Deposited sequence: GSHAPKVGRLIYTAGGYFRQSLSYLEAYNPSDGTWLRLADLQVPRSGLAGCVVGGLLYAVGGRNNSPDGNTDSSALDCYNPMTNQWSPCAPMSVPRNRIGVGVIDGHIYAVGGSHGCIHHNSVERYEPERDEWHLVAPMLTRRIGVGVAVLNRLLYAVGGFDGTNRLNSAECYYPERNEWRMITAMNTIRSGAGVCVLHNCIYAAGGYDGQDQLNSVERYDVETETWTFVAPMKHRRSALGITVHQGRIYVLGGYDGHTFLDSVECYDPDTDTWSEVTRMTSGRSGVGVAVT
């Protein structure tokens, strides 16, 4: 069946774990290690293939690597134009967008697009704001970049990229400042879960309604967490790991929108933060 993959991460040191969770029966699979251990990367899926993008070996990474579930093997891909630690990614029409992130002290506002069929990256219009630790979501064939840190200020702003027009517009700001939050899309809304507001790791969660242009708080998580992994599986949000301000979590919580409830449904084989997560 479809699995929740978690790639890389950090606990005491950069990790190369690739593990996958089966919500059906609660089991965990151990898969082929990443070639280079990394945290602060992003994960995504195009055409049934899993991609690990950017991050840092703790050296910032411009790397893109593709994992094939059917062969259990990692294959290097064309690198990005620049290293991107604390990157966000989204997928539109089988193309991977690499958003923001950092190279040393350089906070990127640039964005580039990867085409698997041709193993090529191309720059598109840059964001209106530099964003590292940015959350990314794809909705109605638009790309949203949410929160982050612009090099001096932590951000509650969000903005939206129009692929056909190749341009960005700011949207309504979130209620809370969030860097390192989990951003995903569930039933036509953008969810921003956790992250760091400049003082604390957060357990609060807000969702954006694109038509009313409003961010509304929903039920908070049980654990405060920043740099959590996030994905959507069968109509539910799953968050994985993260840093709560003291410990590297192994908690995996699951949000059910029908009940507006969070519940802890499993734990990773070891606590970690800064993972890349995707489902296939």
Non-modelled portions of the deposited polymer sequence, in sequence order: 1 to 7, 66 to 70
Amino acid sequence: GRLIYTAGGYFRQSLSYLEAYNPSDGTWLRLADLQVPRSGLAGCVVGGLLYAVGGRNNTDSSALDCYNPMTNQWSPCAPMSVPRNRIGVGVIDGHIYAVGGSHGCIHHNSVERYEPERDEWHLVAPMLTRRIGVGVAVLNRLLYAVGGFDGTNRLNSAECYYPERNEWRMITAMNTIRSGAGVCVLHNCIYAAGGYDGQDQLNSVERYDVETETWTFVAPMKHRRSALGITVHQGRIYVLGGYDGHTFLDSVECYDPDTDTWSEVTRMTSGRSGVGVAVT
From here on, numbers count along this sequence of modelled residues.
Average Cα temperature factor in the PDB entry - higher stretch of 206 to 214, 136 to 144: 206 to 214
Candidate set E164, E117, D93, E112 [ranked by C-alpha B-factor, highest]: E117
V277, C-alpha B-factor rank within chain (lowest, middle or highest third): lowest
Among modelled residues of the same chain, the CA temperature factor third for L18: lowest
Ranked against its chain, the third holding the CA B-factor of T231: middle
Record-listed C-alpha B factor of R130: chain third: middle
Record-listed C-alpha B factor of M221: chain third: highest
